[PDB]
Each structure stands twice: as structure tokens, then as C-alpha cells.
Amino acid sequence: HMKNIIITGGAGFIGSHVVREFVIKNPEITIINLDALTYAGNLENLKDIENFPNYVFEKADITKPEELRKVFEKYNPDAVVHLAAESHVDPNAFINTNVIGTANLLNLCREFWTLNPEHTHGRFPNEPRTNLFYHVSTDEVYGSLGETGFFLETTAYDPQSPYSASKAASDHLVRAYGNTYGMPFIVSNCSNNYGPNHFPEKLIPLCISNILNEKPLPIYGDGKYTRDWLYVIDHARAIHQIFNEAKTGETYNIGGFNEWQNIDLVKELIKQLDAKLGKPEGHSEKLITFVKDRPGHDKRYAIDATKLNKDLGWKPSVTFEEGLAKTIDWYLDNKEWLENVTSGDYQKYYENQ
Amino acid sequence: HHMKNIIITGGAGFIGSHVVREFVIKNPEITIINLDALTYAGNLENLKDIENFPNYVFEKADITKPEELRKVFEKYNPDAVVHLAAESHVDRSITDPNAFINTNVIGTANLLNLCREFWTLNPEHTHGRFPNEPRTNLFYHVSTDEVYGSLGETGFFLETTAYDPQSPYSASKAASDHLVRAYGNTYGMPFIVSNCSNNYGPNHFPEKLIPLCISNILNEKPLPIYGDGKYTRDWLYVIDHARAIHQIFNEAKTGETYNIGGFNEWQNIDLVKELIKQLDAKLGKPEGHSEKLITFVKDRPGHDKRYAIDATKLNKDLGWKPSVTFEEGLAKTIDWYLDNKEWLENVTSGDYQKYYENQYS
Ligand SMILES: NC(=O)c1ccc[n+]([C@@H]2O[C@H](COP(=O)([O-])OP(=O)(O)OC[C@H]3O[C@@H](n4cnc5c(N)ncnc54)[C@H](O)[C@@H]3O)[C@@H](O)[C@H]2O)c1
Ligand SMILES: NC(=O)c1ccc[n+]([C@@H]2O[C@H](COP(=O)([O-])OP(=O)(O)OC[C@H]3O[C@@H](n4cnc5c(N)ncnc54)[C@H](O)[C@@H]3O)[C@@H](O)[C@H]2O)c1
Ligand SMILES: [Cl-]
Ligand SMILES: [Cl-]
Ligand SMILES: [Mg+2]
């Protein structure tokens, strides 16, 4: 049985929800939140569980092997759930964190875990797991879609941005260390997340803000850019379930079983926010502002997560409309959190507390 | 627009030296800059034949050191890069465990970053909108068929085969492929990627599989065969690879990927038996003389794998085909080996590493 589990990037958006899921569901396991607290981390995300007996925070940078080694020595971790990553494109910082950072963690897992030479080359035992490297990644490793089709676990990688190339690289390292050294691993690739603790500059929170403040809602081209949207709480639940139930070495796609054009997303937020505030039907549609089309905005990103449901029974707990309702409710209930991010005060949390 | 300066990274290496030579001979009007850090893998003796050519220049530079690369870009304002520099000795030293990522991934990014800064990229060419016009710039990325994983009894690697790298090395190479394509898509950087089979031929280091088998046959040392020797590779003659790179560089549509193979697939046992046959015949030995050296040993995991390219696309698009069968390429390789025991001795003694200090001082 596992006694210590590291969650990297646990101060972030998705990571805080995963930290919460593991802490709540596993009181007999120490959950180590390992995080460098970049601009993207927000320890205010975990104010509710920060005084739990099985939660511990460690400020550390996965590009610094010496700092990671100190955490590995301190806790002797049985497993890593790896969410730490950089999306801002020191022009190679994102490669340092996403690729070298993943290798640094893998090297320490290879060093601290006792790997069996008999399990290399896909020969993972059906026996229960003692260790696991759980790698969280993005559906952008698969590239983009035309009008038909979906991302499957068998879809050829075709990352189209520097960020998604660096994430695709980290996926490859995990799988190659699994094959070459017998390191137990899982990889999951998920669609765009949304929900509580999303930073206010992100798409959905920004649209909520622009609607409440009667600011224009820019629509590029015809707004036909299309994404599957996954509720962050559903994502964290899937990671936990897969971590516990999936066969070693599997890949699962995780998504919300939908696909939405941006114009329809904006129109749904307008619909819910006008009704929420008792405004007339269609009140905020005058905010929609059609602008020029971005090159490649005519792209489609739609994950197929049917393998995950077929194997483990996981399914989303909300439709996108229901998830937006909870997201709007959370937004309107957390004026302070939102303002602490916008003001930059959120970063003083580690020093102040 | 006629290019004037082309960088070949890793041009002191095995494949890179042959690529330098092909570009030097075929393009007398273009300056070919051999950019190489001279690791243990590099050997400037490889280029002794062309080191005084008027369109050849050597620049000792490390692609993991942006300041050294920037100096080369400032000096030559290069129009193109043919990128072969790479590191494959994973676990070489605990003093540098991620050297393979630093060279293969970060080093590729460092080169991509300078191309993005020095080249004029048209924002209308992003998202795969490259024009059907002669290129002014090209990032030609050389990679490995191992990005595709391995094969069962049937099937071949295609350009459309999903990446499945199975080693830290091939994962780092796959990562570099992704960076090249993403810079192409995101910034409109002209690029080509090719992934090739195992290379063999002149200037191959003596510990590599085919040179070691030649040495062991010549010196009546055992030839270990793992399991049944059914490990199978497509084998590409190194000079055919360099010729393909040069042709693709000039004729392929911007943004294309090609797999380059030798139009064959050989089991290790058949490769060893072919070397035995040719070496025995070349040195006047009775047929079967060296077969007693074959030594069957315990099979090891991953030694029954199969790696083979279907190069239909390259053959259809450009008309390219190998200049030799594997048997003919082995004959040329044996001939070169026997004519170059000086080169081989200089590698084994370590003296090859003193060439730069001895000739460029
Ligand atoms: N829509 C999405 O957000 C989305 C979609 C698909 C996949 N993913 C993946 O999910 C993971 C989490 O994404 P997110 O949106 O929650 O990220 P985020 O930006 O909200 O949080 C990342 C966290 O990692 C930390 N971090 C950054 N660099 C670090 C380093 N060098 N060392 C240690 N910690 C470091 C940051 O401080 C932050 O707390 C990432 O791996 C991302 O690729 C996210
Ligand atoms: N069978 C094969 O050799 C084979 C097969 C498939 C693909 N490839 C690819 O072909 C390319 C060349 O392979 P090779 O066998 O000729 O390699 P090699 O090991 O013979 O040569 C590599 C060269 O790169 C140089 N180099 C290494 N690190 C460097 C750095 N940081 N900065 C600058 N120069 C550096 C070395 O000094 C050397 O001259 C590689 O990209 C490899 O992935 C090779
Ligand atoms: Cl839009
Ligand atoms: Cl063998
Ligand atoms: Mg299905």
C-alpha cells in the first residue's frame, strides 16, 4: 500500500483539484503538493485542505534536480501524479519545465523505486501496483481535426504549437522510461478544462467578466473554433480513478463528451448570466463583436474518451451547460479570490502564510 | 533565391560527414558550414578529403550553448540548416544524465530559435500555408525511424505511422521532430523532416555493429548471435542517405516528411552470414571458413524486434532509390574498411580527438 504520493503542480488550476481529490479520498496517505509557485500557482486554491493531517506543501522546482532530490529523500514517494507544466512560450523555459522537468522526476523515480528488469518491453505484471508515474497531458499532442473524426488514443501525435510539442515530448519520455526500465506509468490526455479556480484571464472567466462589466465579447471570424470542454472537477475524479483502477502502461483520453464552437459558448454564458441576473432575454447579446478571422481559427479539437468509460465506467458528472452553471456560481461566490489574482496579492500567500 | 550559406550540424559525425561532402561537391557556389561540438562521436578525420575546399568551413560550436550558435549565425547569416547533431549514449555519465535531452531537444530548439530570429518568415505561411515557390530558407531535420516504435512480423513504418518511441533516445529524437513541425506551423518556418533506417558504410565507428562484425571476422573472434538472430533492420547505405537528404532538400515540397530506407530488411543472422561470405571470398578463404565463429547466446528482451521502412512516398514523389543493394553496400563497406585501417586505428587509440588541435592550430 502507498504511503506518500507527490502531486506536482498542485498549486495550479487542475492540480489543486487533484490534490483535493487525493487528500479527501485517501486519509491514510500523505499527499505532497510539489510546486515552484510560478505566476500560475495559487496557494489560495487549497485554503480548505491546507490544514488536513495528510496534506503537505513543498516549494520546489522540477528543473532543479537538487531541490527534487531533497523532496524525494524527505518523503520516499511511492507515486507521482505529474501536472507541473509551463504554457507561456529564456525562450526555452517551457521546454526546461515540460521536458527536462519530466525527465528529472523520471530519473529520481528510476533511482528511488526498485524497478524489475523483468517488466521491461511492455511486460508489466497483472499483479497489483507498488509504484506509479501518472503523467497528465493534453489532447493537443494529437494536432487538430477536420470536420469529421475525434482524437483517439491511437491517433498519431501531431502537435502544432511549441507548447504541445513540449507536452508530446514529455509523454514520449514517460512511455520510453516505462518500456526501457520497467517503470510503471499511466498517461492521460485531456481536453480544455474549466471551472472553479480558473484564472480570470482564461477564456471562460474572461467572458463572464466581460458580460458582467458590459465589455465587448470579441468573436474571431465566425466563431467556429471548436473545443471539447471538461469540467475540472470531473478531470480530477478521472485521474484519481485511473490512478487506482487502470492497467499499468495504459493511455486514456479524458473529455467532457461534447464539442462547442466559441460563438455558442459565448451565447450560452450570455444566456445563463442574463437569466441569473434577471436581465431581459438577449440583454448581453449586444456585446458580441465579430472581428477578423485568426489563421487556423477554423480548427476543431474533439477528444474521444469512450475507451475510458468502456474500461472503467468513468463519465462526466455535468454537461457543459451544467458545468458552466456551477462555474458561474463559483465565480459570483469568490469575488475575493478573483480580486486576489488580478491584484497579484495571491502570490504573497506563501510569504505571508 | 539562391542560398549562399548552409549549416550542417553534426557534420563531423558519421552521417553528417557524408552529408557535408554531398553538399560541398554538389554546390560549389554555396558555403557549407560544418557546425560540430566535436564530442567523442565526432571525427574531423572524416573530412580530410574536403577540408581545404573553397566552399567548406568548419565551426566548432555546441548547439546547447546559444552564445556559440549566435556567433555562427552572425558570421554566415545562414540560409538553411541541415540538422544532424545528436546524442545517443543515454546513461553515458551520471555527471550529465540528461545530456541526450539537452543536445537532442534543447539543442534543436536553440537552432530553431536562431532561424526564427535571423530568417524573414511570412505570417501568411503559418498553419501549413507554404507557397509553391522556390524556398529562400529551409530547416532540414534529420531523424530516426525509431520514433515509430517497432514492428511485428508484418507491416512497415510509414510517414503516417503513429509515433511510439520506445527508448529515451528515440523519445528525445521524436521530441525534436515535434519542435521542428510546431515551429513550422506556428511561425511559418520552412522545414522538412526525414526519418531513416540504420545507416552503415564508410567512417562508421569501429564498435558499431557492422564494423565490429568485420573486425571479429578478420580477427577470428566470436560473432555473438542473440536467440535465433531474427532481429531485423532495414539497412541504408550512408552515402545513399546523404544523396536522399540532398535531393529532398532541393526537390521536396515545404513541410513534407519522408522516410528513407534501403528498400530491404535483414535478420541479424543473415547479415552476419553475408559478411562471412564476402569477407571469406575477399581474403581467399574456403567457403564457410568463418562460419565457425558464429556463437548462439541467450535471447534477450527486445532482440526479436523488427524495424523496416516503406519508402513508397519518397520513391513516388522524387523517384529516389538506393544506389546499392545491402550486399553491394556491404562490399563497398568492406573495401573501405580494408583501405582505412589507419582511420580505424586513430579512432580506437583516441588520436582522432586531437585532429582539431593538431591541424587547426
Ligand atoms: N485546459 C487545461 O488547463 C489543460 C488541458 C489539457 C491538459 N492540461 C495539463 O494539465 C496540467 C495542469 O494544467 P493547469 O492548467 O492546471 O496548469 P497551471 O498553469 O494552472 O498550473 C501549473 C502549476 O505548475 C507549477 N509549476 C510551473 N513550473 C514549475 C516548475 N518548474 N516546477 C514546479 N512546479 C512548476 C505552477 O506553479 C502551477 O502551480 C498541465 O500538465 C497541462 O499540460 C491542462
Ligand atoms: N544509424 C544511424 O546512425 C542513424 C539512424 C537513424 C537516424 N540517425 C540520425 O542521424 C543523425 C546523425 O547520426 P550519426 O550516427 O551520424 O551521429 P554521430 O554520433 O556519428 O555524429 C553526431 C555528431 O554530432 C556532434 N554533436 C553531438 N552533440 C553536439 C552538440 N551538443 N553540439 C554540436 N555538435 C554536437 C558530434 O560531435 C558528432 O560529430 C542523428 O540525428 C541521428 O538521430 C542516425
Ligand atoms: Cl472566436
Ligand atoms: Cl543477433
Ligand atoms: Mg470508443
Side-chain angles (χ1 to χ4, degrees), chain A residues 12-14 16-17 20 40 42 44-45 48 87 190-200 202-223 225-237 255-291 293 297 300-303 315-346:
Chain A
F13 167 47
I14 299 172
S16 60
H17 290 281
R20 188 172 296 105
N42 187 352
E44 303 200 358
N45 289 347
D48 58 320
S87 345
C190 70
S191 45
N192 281 9
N193 283 228
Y194 69 98
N197 307 93
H198 215 183
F199 266 36
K202 303 301 182 170
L203 188 63
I204 286 174
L206 175 55
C207 192
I208 296 173
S209 180
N210 288 340
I211 290 165
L212 295 177
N213 293 283
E214 313 191 73
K215 297 192 55 147
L217 306 162
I219 296 300
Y220 303 90
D222 55 352
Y225 187 93
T226 298
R227 304 295 293 214
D228 176 299
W229 289 97
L230 169 65
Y231 192 50
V232 65
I233 291 172
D234 282 344
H235 186 17
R237 187 167 50 81
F257 283 78
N258 59 66
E259 51 179 285
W260 283 71
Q261 301 173 347
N262 275 2
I263 180 69
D264 293 328
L265 188 161
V266 173
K267 276 191 296 183
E268 177 68 22
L269 281 177
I270 293 171
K271 179 195 171 182
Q272 294 204 23
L273 277 164
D274 286 337
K276 181 84 179 178
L277 306 175
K279 290 288 183 292
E281 274 176 354
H283 176 259
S284 297
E285 297 206 64
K286 62 172 137 57
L287 297 179
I288 298 170
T289 313
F290 283 87
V291 297
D293 199 8
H297 219 79
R300 177 167 166 272
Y301 306 81
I303 220 179
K315 66 195 202 318
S317 70
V318 295
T319 66
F320 189 51
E321 295 93 333
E322 295 171 327
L324 285 184
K326 299 177 179 290
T327 301
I328 291 165
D329 281 346
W330 194 90
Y331 187 106
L332 296 163
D333 198 78
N334 282 276
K335 162 174 151 288
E336 162 160 346
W337 183 96
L338 287 161
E339 279 172 23
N340 286 349
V341 174
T342 288
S343 72
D345 286 358
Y346 74 106

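The figures here come from the full heavy-atom set of this structure, side chains too, leaving out hydrogens, waters and symmetry mates. Below, read A as the first sequence line, B as the second, and so on, with proteins coming before strands; counting in each chain starts at 1.
A distance of 6.5 Å separates CG in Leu217(A) from OG1 in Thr289(A), rounded to the nearest 0.5 Å. From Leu206(A), atom CG reaches atom NZ of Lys215(A) across 8.0 Å, with rounding to the nearest 0.5 Å. Between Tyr194(A) atom OH and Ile233(A) atom CD1 the span is 9.5 Å, to the nearest 0.5 Å. A distance of 9.5 Å separates CH2 in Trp337(A) from OH in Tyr346(A), rounded to the nearest 0.5 Å. Going from atom CG of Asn45(A) over to atom NE2 of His198(A) covers 11.0 Å, rounded to the nearest 0.5 Å.
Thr342(A) places none of its side-chain heavy atoms less than 4.5 Å from the side chain of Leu338(A). Put simply, the side chain of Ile204(A) reaches to within 4.5 Å of the side chain of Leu324(A), judged on heavy atoms. Looking at heavy atoms from C-beta onward, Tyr331(A) lies out of side-chain contact with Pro200(A) at the 4.5 angstrom threshold. Residues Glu259(A) and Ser191(A) have side chains not in contact (no heavy-atom distance under 4.5 Å, counting atoms from C-beta outward). Side-chain contact between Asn262(A) and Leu203(A): present, with at least one pair of heavy atoms (C-beta onward) separated by less than 4.5 Å. Contact check for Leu212(A) versus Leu332(A): side-chain heavy atoms found under the 4.5 Å cut-off. Residues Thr327(A) and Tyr231(A) meet the side-chain proximity criterion, which asks for heavy atoms closer than 4.5 Å.
The one candidate from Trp229(A), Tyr225(A), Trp260(A) that meets the ring pair (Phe, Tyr, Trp, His ring centres under 6.0 Å) condition with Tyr301(A) is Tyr225(A).
Salt bridge annotation for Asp329(A)-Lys326(A): absent, with no cationic side-chain nitrogen under 4.0 angstrom from a carboxylate oxygen.
In this structure, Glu322(A) contributes its side chain and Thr319(A) its backbone to a donor-acceptor pair below 3.5 Å. The closest donor-acceptor contact from the side chain of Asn197(A) to the backbone of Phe13(A) lies at 3.5 Å or more, if one exists at all. Side chain of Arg237(A) to backbone of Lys315(A): a donor-acceptor contact under 3.5 angstrom is found. Checking side-chain atoms of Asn42(A) against main-chain N and O of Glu44(A) turns up a donor-acceptor pair under 3.5 Å. The closest donor-acceptor contact from the side chain of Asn334(A) to the backbone of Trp330(A) lies under 3.5 Å. A donor-acceptor contact shorter than 3.5 Å is absent between the side chain of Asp293(A) and the backbone of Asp222(A).
Scanning both residues, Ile328(A) and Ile208(A), for their nearest heavy atoms gives CG1-CD1, 4.1 Å.
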With a cut-off of 3.5 Å and sequence neighbours excluded, list every side-chain donor-acceptor pair involving residues 265-275 of chain A.
{"unit_1": "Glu268(A)", "atom_1": "OE2", "unit_2": "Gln272(A)", "atom_2": "NE2", "d": "2.8"}
{"unit_1": "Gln272(A)", "atom_1": "OE1", "unit_2": "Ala325(A)", "atom_2": "N", "d": "3.4"}
{"unit_1": "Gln272(A)", "atom_1": "NE2", "unit_2": "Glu321(A)", "atom_2": "O", "d": "2.9"}
{"unit_1": "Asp274(A)", "atom_1": "OD1", "unit_2": "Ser284(A)", "atom_2": "OG", "d": "2.8"}
{"unit_1": "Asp274(A)", "atom_1": "OD2", "unit_2": "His283(A)", "atom_2": "N", "d": "3.4"}
{"unit_1": "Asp274(A)", "atom_1": "OD2", "unit_2": "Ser284(A)", "atom_2": "N", "d": "3.0"}

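Remark: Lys286(A) NZ is packed, more than 12 non-hydrogen atoms of other residues, nucleotides or ligands lying under 6.0 Å away.
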